[PDB]
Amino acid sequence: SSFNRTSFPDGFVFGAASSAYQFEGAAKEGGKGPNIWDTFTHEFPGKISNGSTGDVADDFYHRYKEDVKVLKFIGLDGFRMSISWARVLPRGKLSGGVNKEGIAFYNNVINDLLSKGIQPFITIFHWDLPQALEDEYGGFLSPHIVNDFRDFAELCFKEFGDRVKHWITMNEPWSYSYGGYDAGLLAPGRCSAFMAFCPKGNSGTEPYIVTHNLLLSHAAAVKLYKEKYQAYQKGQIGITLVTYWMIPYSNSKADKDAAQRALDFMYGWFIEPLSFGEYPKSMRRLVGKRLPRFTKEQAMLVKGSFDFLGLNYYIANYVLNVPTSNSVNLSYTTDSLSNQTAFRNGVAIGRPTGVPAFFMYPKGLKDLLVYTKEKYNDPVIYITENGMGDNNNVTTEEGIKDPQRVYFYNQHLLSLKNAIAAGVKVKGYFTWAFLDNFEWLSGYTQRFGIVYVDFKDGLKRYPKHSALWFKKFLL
């Protein structure tokens, strides 16, 4: 006898997650065109650990049949995966033509998943923007992205919507904006010149520009799905957001307010437009005219534009107030006057993982969910990512034994259970990740999978103890 799925609601969806650039490989194969991550990893090897790329990744593009067998072996209800925009539309625009070989790959994966009784949860956009669109008008820096995003979504609805019943417009627009345009840590790698880190950009203005267009693009796809496809395809559409849970470093009003500002700027930036059609008051106050306004039309489009909310949860941080100052480092990051740290009084917020900044704090998952329920009218929620990373610095034999990850999932699922007990309408949960994969700026130095991938020996797959723990949990 042990903790198992019967403790969760009937029909609850347990799954594992993936994304196209991180898993697929075949970056220049099967008619696929270039995307901004091809470009970023090739042109800035200094920004990826060991100068790695997703050229091959897990080679999920060729190995998907064997991988789907692993999903079935674990016994999962669902699988979260994304569509490579430049694989299906190599020139970004619909008028640039649809790549039949790219459509065929996703159809093949979906049909195999369904034969195993696994529901595909499809992320339309997981950061891999076609280089053609980045080149033409600067990608999400331009309002032109909205119409092209809408057409890409429509292509997905038309080709896959007869079988796909859960759509996620985009993964973590916070990450795309902050990482791509404030810190320059992610493609397209833009930031202010004073950071001496990116060729082009403005960390004080571009993140706000990009976030606005991310929201409008999302809203365009949702409007189209609901008005044209939802009634006869009978699916649901949402968006995946990420936030840290923010804890005041001390009991002071200063730190309490700082914690809420940090949450406002990371989470509220997206969930308040989605819920209320406006940005958080703190952002309006502190960012001023660098923060775009929603026109009345835009607000109507964005407000209420989700059937469900996808939430990605990894960590919590303590937050300190940062006093105003005279030194002029203009950025989205410094705009919130907040400072996050994993340590209080010299003590870490939880158990360590193989990722330096990341400690275990399962309580924060429930805290986030209750906060979301209470502030945003009790939405339907899927946990679309939750997981931990190991440092890739031991043998295959050792990496497969991951009691730390078994511990991680036991504690987080117990916390999730308590959130459901508190009335949060959670309907599903997805492990990041299915396989050890290309972890963006960290390359292959960090392993998040419940399944091990031996990159040094034919990309061979081996279920970890965590996979076997889930297998048992899922009966």
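Position 1 is the first residue in the sequence shown; the rest follow in order.
- Between 175 to 183 and 336 to 344, it is 336 to 344 that carries the larger average Cα temperature factor according to the deposited entry.
- Looking at 291 to 299 and 204 to 212 together, the entry lists the larger mean B-factor for 291 to 299, computed on C-alpha atoms.
- Remark: of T53, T445, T431, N437, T445 shows the highest value [criterion: C-alpha B-factor in the PDB entry].
- Out of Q230, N329, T243, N317, the entry records its largest CA B-factor for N329.
- When all modelled residues of the chain are sorted by CA temperature factor, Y21 is found within the lowest third.
- In this PDB entry, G31 carries a Cα temperature factor that places it within the highest third of its chain's modelled residues.
- Per the deposited record, the Cα B-factor of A422 falls in the highest third when ranked against the other modelled residues of its chain.
- Ranked within its chain, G389 lands in the middle third, by CA B factor from the PDB record.
- Annotation for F408: C-alpha temperature factor in the lowest third relative to the rest of the modelled chain, per the entry.
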